[PDB]
Amino acid sequence: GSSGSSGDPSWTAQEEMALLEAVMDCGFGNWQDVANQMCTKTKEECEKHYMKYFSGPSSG
Numbered sequence: 001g002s003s004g005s006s007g008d009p010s011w012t013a014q015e016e017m018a019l020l021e022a023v024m025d026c027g028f029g030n031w032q033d034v035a036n037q038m039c040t041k042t043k044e045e046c047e048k049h050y051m052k053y054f055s056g057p058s059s060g
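Residue numbering for the sequence shown follows the deposited numbering, starting at 1 and increasing by one per position.
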């Protein structure tokens with residue numbers, strides 16, 4: 001029950017949405033394909049970050 005209200009001094013609002021879209025457009029594990037719209041960062045960061053907030057206990 002959350003849209004995605006949480007900024008970051010590193011990532012941006014666009015990156016967040018882009019991360020999901022790619023994750024749903026391509027699929028999980030395809031850090032490579034996802035890097036397409038996430039190019040803004042390293043496929044490695046797109047993963048850790050994802051599991052950070054999305055796959056996290058509390059907003060963060």
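The beta carbon of each residue, even a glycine, is placed where N, CA and C say it ideally should be.
Neighbour-count burial assignment, residue i, 16 or more Cβ in a 10 Å radius
i   : result
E44 : exposed
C39 : exposed
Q37 : buried
Spatial distance of residue i from residue j (CA atoms)
i   : j   : result
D8  : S59 : 12 Å
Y53 : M24 : 16 Å
DSSP state of residue i mapped onto helix, strand, coil
i   : result
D8  : coil
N36 : helix
C-beta atoms of residue i and residue j nearer than 7 Å
i  : j   : result
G4 : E21 : no
Close Cβ partners of residue i (< 6 Å) along its chain, the five nearest in sequence each way excluded
i   : result
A13 : none
Interface flag, residue i vs chain C, CB-CB below 7 Å
i   : result
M17 : Looking at the structure shown, chain C is missing, and only one protein chain is on hand.
Same chain only: Cβ atoms within 7 Å of residue i, ignoring 5 sequence neighbours per side
i   : result
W11 : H49
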